[PDB]
Amino acid sequence: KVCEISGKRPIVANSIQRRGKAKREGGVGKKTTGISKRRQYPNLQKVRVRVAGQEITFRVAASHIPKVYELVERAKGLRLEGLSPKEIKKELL
RNA sequence: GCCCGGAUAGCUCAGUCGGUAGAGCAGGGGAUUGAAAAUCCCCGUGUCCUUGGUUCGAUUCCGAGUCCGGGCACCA
RNA sequence: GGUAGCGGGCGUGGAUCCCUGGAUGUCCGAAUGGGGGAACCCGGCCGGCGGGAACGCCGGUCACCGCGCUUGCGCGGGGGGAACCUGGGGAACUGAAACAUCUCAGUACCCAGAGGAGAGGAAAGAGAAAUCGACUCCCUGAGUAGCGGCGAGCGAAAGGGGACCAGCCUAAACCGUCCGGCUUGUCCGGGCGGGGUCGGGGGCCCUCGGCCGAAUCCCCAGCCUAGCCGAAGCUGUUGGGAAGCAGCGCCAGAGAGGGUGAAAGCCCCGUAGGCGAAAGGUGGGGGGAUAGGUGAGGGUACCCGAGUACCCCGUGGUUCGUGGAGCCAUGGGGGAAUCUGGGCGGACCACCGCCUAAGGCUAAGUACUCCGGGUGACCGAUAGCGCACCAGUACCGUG
RNA sequence: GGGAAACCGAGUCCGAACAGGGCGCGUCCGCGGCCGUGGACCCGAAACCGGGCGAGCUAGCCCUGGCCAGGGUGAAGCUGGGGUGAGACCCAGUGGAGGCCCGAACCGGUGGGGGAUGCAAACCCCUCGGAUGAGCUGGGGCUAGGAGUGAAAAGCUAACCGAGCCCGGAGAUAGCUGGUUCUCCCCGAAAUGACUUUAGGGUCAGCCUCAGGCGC
RNA sequence: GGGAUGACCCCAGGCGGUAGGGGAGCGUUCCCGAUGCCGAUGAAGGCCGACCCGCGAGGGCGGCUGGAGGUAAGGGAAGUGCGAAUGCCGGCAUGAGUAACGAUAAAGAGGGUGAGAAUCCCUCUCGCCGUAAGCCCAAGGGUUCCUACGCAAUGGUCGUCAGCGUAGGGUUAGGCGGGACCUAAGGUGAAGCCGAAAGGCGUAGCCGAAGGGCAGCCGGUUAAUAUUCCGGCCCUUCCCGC
RNA sequence: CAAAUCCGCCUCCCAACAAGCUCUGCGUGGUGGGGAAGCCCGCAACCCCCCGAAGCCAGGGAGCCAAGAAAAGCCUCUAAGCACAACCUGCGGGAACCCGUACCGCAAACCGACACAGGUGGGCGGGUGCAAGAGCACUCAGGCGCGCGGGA
RNA sequence: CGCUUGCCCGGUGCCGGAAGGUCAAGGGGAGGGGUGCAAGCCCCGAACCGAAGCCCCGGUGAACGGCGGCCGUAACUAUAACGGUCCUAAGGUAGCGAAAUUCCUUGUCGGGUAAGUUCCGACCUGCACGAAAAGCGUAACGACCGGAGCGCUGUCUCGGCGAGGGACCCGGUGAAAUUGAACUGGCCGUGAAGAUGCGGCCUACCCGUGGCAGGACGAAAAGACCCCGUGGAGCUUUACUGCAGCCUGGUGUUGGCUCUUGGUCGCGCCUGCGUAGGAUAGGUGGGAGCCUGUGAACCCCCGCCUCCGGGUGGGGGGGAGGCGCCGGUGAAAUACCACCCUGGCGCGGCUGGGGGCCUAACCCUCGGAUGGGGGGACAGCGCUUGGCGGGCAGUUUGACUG
RNA sequence: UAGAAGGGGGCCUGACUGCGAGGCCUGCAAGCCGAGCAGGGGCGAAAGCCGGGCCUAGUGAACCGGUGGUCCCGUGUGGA
């Protein structure tokens, strides 16, 4: 699934199996014994964090963890209550 | 093809951190006992592969040649 | 209405009939009060009807999600569409005279989204020209340059001819205000407003002020949705019938065509030519109005889009299949600078040049044909659409 | 025009070479024959892949109901009697157990005959297996295509399953088999060789034909 | 060879033919020729001929049929010629008056009716079923129920008959069965979790029945309905008032 | 998942293969209906014995191991509330909606292209005889002779 | 159910082994190269450290599996209790045996029959039984397969008669596969080698109805069998290549405090005893002076190293003296000062391994918690490295060929 | 084939570079024989002979790579 901050989501990539010797060394070069489709995923993770009274957690790529703690800070100038951890986040840019 | 180890007594192997060439086994002479062994004394044996060079000389230290032994790859 | 028949009616006091606007429109269906085996059952609240409290009708109103403004109130969305379009996923038969890389192919297909189109789009561009100057589309370039078990095969771009013609708004410094935090400070950060948009510009300090103009609104012309006017021939004869044949005439901006008992410019409907809208659509094509935008110096060096550029690992796009492998995109790890900044010109270094990434919009030229009209060295009932006829019907299948 | 190219040019390339030697004197449209790419003369597979439709037939399990005439055998346990120091134990009576027995309904299919353009795309007659259980059965549910289910045959999954049906890719491919439509005139073959994952298929040579030229 | 090239006369040779190569023609559809030409005193198409012209494919001529179209000379395009494909569509033949007429429970006579009766109606004999071949419900079917007129077809024969044709009748509920009650497997699904899209899970809730809950018995009437209509006896809920 | 006078746990007066209060079945019951075989369509009893369920009283009893649905209606306990409400027991008068109901239904009307010798769940299924029975033979009620026939 | 289930861990599998060999990314960088005028910027790259797997050492049978040959010998002959020799991981035990296993085979004896390739009992030269793909047995059970008797019969010698439903004749209704056209005979021959159809001869007036199956190479199904096609599809494995899954090193999510050790670069101290020689000489260069109130000679208290000869560092006292050249020996000589690792200690940076304890990420739990317990930087997950991998997929497995 | 191709010695390296008229063989592509000119050599006094071996088998197209050289190309220019 997808990063709530960065918008990164799984992609398709190939998997190329080669044998043989680099041309760059010894020679003749490499042959592709096979190729298959497969997918790469974003290293994502949970970040739980304070903000107001409620708990509110984010499921974000590891590479943007910081950007959450940054968002917490710059929502210090903002009126936040209402039994709605759900709307805090929604109202959280 | 590329990177490691090695050659020393008949066999199998230990060495000065440059100045000594040494073990075990086998073979041989004797001690021995009912037989065969196991004890125990005693000796034989060298171009240290190899040609060069460092050096006061070198088995050791370094260029190089040679063969035996490993290790990892490529093959149109 | 497709009219025949009973059995009744209407109309120059202008009917039937055609165009435009409105009214009414059960039940199902995205289906939305709730339920459900689609067209059926069952409710709440407010009002109405019956003698009407129990019963039953009638009208109004009650789904969920997303955005905004004091929990209510406002805007929106949902589904369908012959092709045509963009994005996310994405085969195999086959070809290679076997097959595995390669090919068929980013094809068939699935999914989401857009609209009368869609996509793209104003240079971190092309590439070698003392060069060009957004994007799309056609003709060349060219089966060229290249890619390739260098096999089978795949296959660019620049440049030249045309079509169309258009350019714009923000982020950031700096300034003002409203609100809510803190360690109550000339402070931190949030919403508006102002400033500001570039191949060098902008901000801040000090000395000089004028046209360009909508893609937004308004008005017209024209056009679509009913219709109207239209020239000129008689007789005889053969014949079931004249439009044939014969005598004597006439029109033509009209001798396209169809019809009439056979074969007709002048009998009928038309054709050439010319007319017409109260109402609804359309509409810079032609006129008007705003919104918006236009200079120069000299100094400070405060700002120019960040987990980004950049390097490394894994992949995709391109003619490029690891190759000397750049450029453009990016899942993972590390990780800057603000113009003495940064990317590109096919590893790399140095010279010489090109361009300003990390926010957005933007007509026209192009695509398709459910729909209407025009044509045909197209078919003429085993043809042509599957259907000229009551056909996606009868009939076949659980579907 | 030569050359891989730099390049040179009526020449140019290998070469030291005024040796030798290799290559070096029209276009446009119409018409007709043949070739390449596209189904490319027409009909035909067994199969492969994609998206859907099927558990109202059949297989398993889940929820809730229903059904099994009448006979037969007689487990344990009770109660009494006996036995012993106490007991084990042994008798009678009672009692009604069980993937027990006979046999309908009901579930099944063992042997033989009939049927064989059938009454019937699995039937009929005689005979036979089970029948309180690992039992049969109605209604409501769930699992699917390299997947389900299976007391296990590769069985079943809507009258043909060693991988269902429908539509599409699609006019797959088919070195194989079949078929190919009016008339007259002139000429008229081959069934050999070489190579071929080749051997009933091909490529070159050979043998048929037409046009132009040459002329014993 | 003539050679007044005449495509006509004279002379001399060649002419079996599969795969194939080459050369000439004939016919089918459509276009120019066309605002023309033929045509009811008869177009196209159809049927006949012993006649005329062509080597032949073909083309003329004549007679009958047909009733509104046809289209030269000279040229141009192509869906252009069938006997075979276990070819495709349709029509009609052969087997042939042949095998069959769907349980071996079984028939006979007399009266009706009618154009017409082995096959319809009535009566009397005979035979077959009777944990059925009888009666009552559930599913599924969808007017087949009842009546009046009928018999072309459907019926394995016949048909005056019918589950057939035309037309009109006929299904009545507080208490029977479902729904304005309940929950079962399972399904759906607030909160909530997951997945490239499509979508997959899931607490409470909701749907879901032949299981739980729940008030009707005995008689009579129709051509065709009956715990539904009618009669006697016996019940259940709501609402208002005392 | 204390809110209870209800449940559940202790403790002690009475009371116990009972009585008492309940709730079903069958019997009877005011009275209402029905009512053969027989002639051309028609006279109005209803009593006594015997066999007897697999049905009823039903949540009955015993034995056994494999240890045998949920929820509402229905009783009771209290919450907020409310006590001029509100329930409960009689008695009177009102009110009581939607859908199905013909016919075939082991079959010629359903599944099998057919008026097909096949397939199809629940209840009733009389009498006599053969040991029993839903078995077998005949037979009640009721229904049929199977939509081609005649001769040899 | 009963009685039992022997021997072989060479090879395959699985289980155990903190050593050792091989080993990918990664760490590390001796040294090389391209370019710049250079600062630099760019490529390659050797030692060494570096997982799972593999090698290696062991275990393991109700784990895959396996369980011998040739010659000789007893006072008749026959045969061998005994013996020799080769091979193996080990050489088949008990029990059964011409068998659902036996080729030779109808083995040979016996039983049953008048006669018995079958059947039952025996014997073994078991082509080719054998212990949990169990061995030898076993009351009761069986629409299972074999061999026998008794009873009874149309099964048969060997057929007969009879019944009903069809077959046949008449009235009504009326199909089918098949079909080049047909005026459709025998024998010998002939022919693409099995003739109604050609040749010669022989037979035979025209047309039907009930019967039979020898022929029309009769009908039906574009042969399963055999080939053939560089045709298809299901199954297998130590066939090829991949993929799901599982294992594993480095990273990220990932943090505190200790102890213990590696490798590297700094520096600061040591380190060295052949023969001779004052005495324990590392090299090479410098070198005529150095040391002491920056308290020297001598003694005692005390650490470390040793070739046991000595070398060297501290503390306390004490007082004014110490060394080299020269000399002499040796290849090389001395005091003092330099760069230099031959090996070692001490603080340093720089990364890198193992042990513990913590709690605060992550995960599990607790009468529902802004909290308490438990695990804990491990586990899970992202990217990446190498391995195992018929559990799954695509395919290849030649031609000639009397 | 001894009128040496056989046996023995001396000096050598033509087991050359650049070409090659003309033919054998032949579907293709391959295989074979080769006089002669230029250059620089060996043996011989010279004539001359030598472009491996008495002769006919001892072999493998293209593709992809390795090493050593050289006139060539070198993605704006120099170099890589």
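Residues numbered from 1 in each chain as written, not as in the entry; some residues may be left out. Chains lettered and ligands numbered in written order. Part of a larger assembly, values for the part shown. Heavy atoms only, no water.

In the PDB archive, X-ray crystallography is given as the structure determination method for this entry, at a resolution of 3.4000 Å.

Draft legend 1. Spotlight on the overall build of chain A. Within chain A, the regular secondary structure consists of two helices and four strands. When the elements of chain A are put in sequence order from the N terminus, they spell out β-β-β-β-α-α. Relative to its length of 93 residues, chain A is extended, with a C-alpha radius of gyration of 22 Å against a globular reference of 12 Å. In terms of principal-axis extent, the alpha carbons of chain A reach across some 70 × 25 × 15 Å. Taken over 93 residues, chain A has a buried fraction of 24%. Sequence separation of at least 24 residues holds for 39% of the intrachain contacts in chain A that already meet a minimum separation of 6. Within the structure as shown, chain A displays about 7,500 Å² of accessible surface, and the carbon and sulfur contribution to it stands at 49%. (Helix = DSSP H or I, 4+ residues; strand = E, 2+ residues; numbered from the N terminus. Rg over C-alpha atoms; globule rule 2.2 N^0.38 Å. Buried < 20%, exposed > 50% of the residue type's maximum accessible area, 1.4 Å probe, protein only. Contact = heavy atoms within 4.5 Å. Areas by Shrake-Rupley, 256 points an atom, 1.4 Å probe, with all protein chains shown as cover.)

Draft legend 2. Summary view of the protein's contact with RNA strand G. In the region of RNA strand G, the neighbouring residues are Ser15, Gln17, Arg19, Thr33, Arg38, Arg39, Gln40, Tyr41, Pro42, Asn43, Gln45 and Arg48. Counting only the atoms of RNA strand G that lie within 4 Å of the protein, the sugar and phosphate share comes to 80%. Within the side chain of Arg19, one N or O atom sits 3.1 Å away from a phosphate oxygen of RNA strand G. One nitrogen or oxygen atom from the main chain of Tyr41 is found 2.9 Å from a sugar or linking oxygen belonging to RNA strand G. Every element with two or more residues in the surface near RNA strand G is listed here: β1 (11-21), β2 (29-40) and β3 (44-48). The element contributing the most residues to the surface near RNA strand G is β2, with four residues. (Near = heavy atom within 4 Å. Polar contact = N/O pair within 3.5 Å; in protein donor to acceptor, adjacent residues only side chain to side chain.)

Draft legend 3. Representation of the environment of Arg48 within the structure. Along the polypeptide, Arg48 turns up in strand β3. Residues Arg48 and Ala75 lie 27 residues apart in sequence; the distance between their C-alpha atoms is 16 Å. Dropping the residues within four chain positions of it, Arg48 is found in contact with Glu55, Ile56, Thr57 and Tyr69.

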